[PDB]
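Visitor: First the structure, then my questions, so here it is.
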Amino acid sequence: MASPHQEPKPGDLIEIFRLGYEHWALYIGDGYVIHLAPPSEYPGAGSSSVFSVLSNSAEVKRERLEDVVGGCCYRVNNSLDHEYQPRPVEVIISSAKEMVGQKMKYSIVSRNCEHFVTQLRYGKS
């Protein structure tokens, strides 16, 4: 491609290959994102007291695009908007700035991710 990198659109959501797993993020400003920290750790914790156990709690966090993308791969993938919705972009960015600091525990990682980006949208879904 001619472009230097992929460009995320404001109030649209990005699939992030952050780790040995796929995360979601929402572009709230020019270079700023809201993203999910899953209810599980990376496998093989490396401590003499614990290695195989990885159970934890989920948190929604605010961060820079260049940090979320640093050492990582990514793609814009706004599933439900591509499937149907018109979406009130300013109210999605406002909803992401309300979801900052939210926590979750009852769902498994795959649904914990989808339920997060459904709560980021939640408008025309």
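FYI, residue positions are counted from 1 along the chain as it appears here.
This deposition comes from solution NMR.
Cβ atoms are placed via backbone N, Cα and C, with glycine included.
Straight out of Swiss-Prot:
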| type | residues | note |
| --- | --- | --- |
| ACT_SITE | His23 | active site |
| ACT_SITE | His35 | active site |
| ACT_SITE | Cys113 | active site, acyl-thioester intermediate |
| REGION | 1-40 | region 'Essential for its ability regulate keratinocyte differentiation' |
Visitor: For the active-site residues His35, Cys113, which Cβ has the most other Cβ atoms within 10 Å, all shown protein chains included?
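Guide: By the 10 Å Cβ neighbour count, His35 comes out on top.
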Visitor: In sequence order, what residues of the same chain, 6+ apart, have a Cβ less than 8 Å from the Cβ of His23 (active site)?
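Guide: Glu15, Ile16, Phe17, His35, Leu36, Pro38, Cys113 - these are the non-local Cβ neighbours of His23 (active site), listed in sequence order.
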Visitor: Would you list the DSSP helix, strand and coil counts for the residues of the region 'Essential for its ability regulate keratinocyte differentiation' (1-40)?
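Guide: Per DSSP, the residues of the region 'Essential for its ability regulate keratinocyte differentiation' (1-40) fall into 0 helix, 19 strand, 21 coil.
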